[PDB]
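Engineer: Attaching a single structure in structure tokens format; questions to follow.
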Ligand SMILES: *[C@](O)(C(=O)NC1CC1)[C@H](CCC)NC(=O)[C@@H]1[C@H]2CCC[C@H]2CN1C(=O)[C@@H](NC(=O)[C@@H](NC(=O)c1cnccn1)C1CCCCC1)C(C)(C)C
Ligand SMILES: *[C@](O)(C(=O)NC1CC1)[C@H](CCC)NC(=O)[C@@H]1[C@H]2CCC[C@H]2CN1C(=O)[C@@H](NC(=O)[C@@H](NC(=O)c1cnccn1)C1CCCCC1)C(C)(C)C
């Protein structure tokens, strides 16, 4: 028992990380098969960032302008293309350590593991959620661009995130592995507001189930509610509306604990209206929303 | 910027995990060179656990009583010895994926990465601290025994923890890789109280420095204090005494932020005496004590 913010084992990803240098800009790429993927702003000067025309900037580059370095050994770049906001650099060697993998776009409130990297060297792994406003609250320094987010779905690495930039609030934005930003962001140095951040209600309910499973029961009450009346209270505390699809995906946790989703919803209503009165749940003073129903099931049944 | 509970990349450890079976008991071992390390209670029946004589139980076992399984391929056990509470099983193959490694005993309040495993398959990585009472608040299910804790110190894996058992409070206990329990525990199914848990004061100060570095400054005040008067207030809130060695090891964070350790100590005194008044620090409502000074320096300077 116990409950931790747990990331996926990062070995399958650590063997795909490389250093990509173009001019004096060095960041990280993802070397799958015979393609190195990286943020396209690797081609930009600090002046270019103000208002880049990436097509004009990329046309001025040749294959030899890119240093791709897998550990010590230099890869030969034999071709470069642009897909949305990512560069795909063709190289002369397929990565032996290439695992089985898919590219996947995740939805607001899904979680993933970030392998934070500097100079193609993996430095750290942590778990986070795609916020409803499509930012992530990561930990990224200068040089972290091209670090990736992933899930491991039964020995298949699902890549969902490549790091591009940090907003002035200290939150993070980037793309899927086909180069489309999560959220309304563009890879240019202008003011770009993230939406209002909301609490991921389905995730909070998942974590309250995790608490019950671990014997933290004090917040259970005799009350019940409708989905409508819950969503009325939710919306007032800047919680995401809860949908029937959410209720469905909570079904398995409901079944295992024998607490109906709408009964648990009644516990959360009272917590929101009344606070925790100096109590904690799984040692937290705040309601946690970075665990999906599937994370709680995985960690509390123990899939490998 | 941003601040996350970050674990070490687990690839170097994932390549050392094996399944160890003896009778109907299956758990995890650590396969370094030509030795598989595992909890010695792998040899016990449920009846043996009440009061085992591990020497008598081990003498009744032969090399062929142990199934060591590296992924699919069965290792041949060619010799078995007992070191304190760990078994060392000699096998017929040295692990190619053996990284550079040391065995290290950590001190109360040091942090490490746990690779949680089931059936020799790595399932998850998280960061935690050795509590002052020598328990860890892990996430471990049935089958997790033999999962290991480690640090990566510049491509050298320092193994510090092997998982043995869970106390009724849902906290965890186990050994260093030479088989000595952390804390007063023994591998027997009897009542064994953990000490009083205290807050790791040096770690809280490290994290308050992390908050300043990330622009959370509201808790800084004009007051200062002596180490003595701080420790008087600390002891009352069940915080570990702060020592000059702690003040020294905080020096680098002090230098970078230009806030003397004893000035930061004055901020923490006021937080403890007055609470946070519904405010948060790095998004937490509670003071965080599972980051060492070295973790904050690593993550806020970005070593790989
Ligand atoms: C990454 O490229 C990297 O690791 N490079 C290696 C070191 C050489 C680097 C990593 C930081 C975590 N990212 C960037 O350099 C990105 C790119 C993409 C946009 C242009 C540059 C800037 N950038 C940033 O992350 C910056 N943030 C911003 O420029 C934001 N600026 C503003 O909010 C803004 C701008 N003008 C006026 C007013 N406000 C925006 C916000 C969201 C839209 C794009 C970026 C810094 C300042 C480096 C954090
Ligand atoms: C581990 O061996 C494993 O993964 N085995 C694979 C599935 C086959 C397993 C993992 C659980 C996280 N650990 C154990 O089986 C250990 C060993 C070591 C001590 C004997 C057994 C029991 N055990 C436990 O973790 C248990 N906990 C306890 O028995 C504790 N009991 C009490 O607190 C107690 C006992 N008698 C009376 C009153 N209270 C003690 C507490 C600290 C000293 C040693 C264990 C369970 C019940 C399995 C959690």
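Residues displayed in chain B correspond, in order, to Swiss-Prot positions 3264-3567.
So how was this one determined? The header says X-ray crystallography, 2.1 Å.
Cβ coordinates come from backbone N, Cα and C, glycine included.
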Engineer: From B:3353, B:3532, name the one Swiss-Prot lists as ubiquitin cross-link.
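Structural biologist: Record lookup in Swiss-Prot returns ubiquitin cross-link for B:3353.
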Engineer: Taking CB atoms only, which of the recorded positions B:3268, B:3304, B:3353, B:3408 fall under 8 A from chain A?
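Structural biologist: Correct list, in sequence order: B:3268.
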Engineer: So of all those recorded positions, B:3304, B:3353, B:3408, which one's Cα sits nearest to residue B:3268 (ubiquitin cross-link)?
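Structural biologist: For residue B:3268 (ubiquitin cross-link), the closest Cα among B:3304, B:3353, B:3408 is found at B:3408.
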Engineer: With DSSP assignments reduced to helix, strand and coil, which class does residue B:3268 (ubiquitin cross-link) get?
Structural biologist: coil
Engineer: Of B:3268, B:3304, B:3353, listed as recorded positions, which ones have a Cβ less than 6 Å away from ligand 2?
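Structural biologist: Checked recorded positions vs ligand 2; flagged B:3304.
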Engineer: Is it possible to get the count of other C-beta atoms within 10 angstroms of the C-beta of residue B:3353 (ubiquitin cross-link)?
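Structural biologist: For residue B:3353 (ubiquitin cross-link), the count of other Cβ atoms within 10 Å is 16.
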Engineer: Could you list the residues of the same chain, at least six apart in sequence, whose Cβ is under 8 A from the Cβ of residue B:3304 (active site, for 3CL-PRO activity)?
Structural biologist: B:3288, B:3312, B:3315, B:3317, B:3348, B:3408, B:3427, B:3450
Engineer: If you draw a 10 Å sphere around the Cβ of residue B:3408 (active site, nucleophile), how many other Cβ atoms fall inside it, taking every protein chain shown into account?
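Structural biologist: Its Cβ shell of radius 10 Å holds 24 other Cβ atoms.
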Engineer: Specify the count of other C-beta atoms within 10 Å of the C-beta of residue B:3268 (ubiquitin cross-link).
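Structural biologist: That number is 20.
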Engineer: Check residue B:3353 (ubiquitin cross-link) against DSSP and tell me helix, strand or coil, would you?
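Structural biologist: Assignment for residue B:3353 (ubiquitin cross-link) reads strand.
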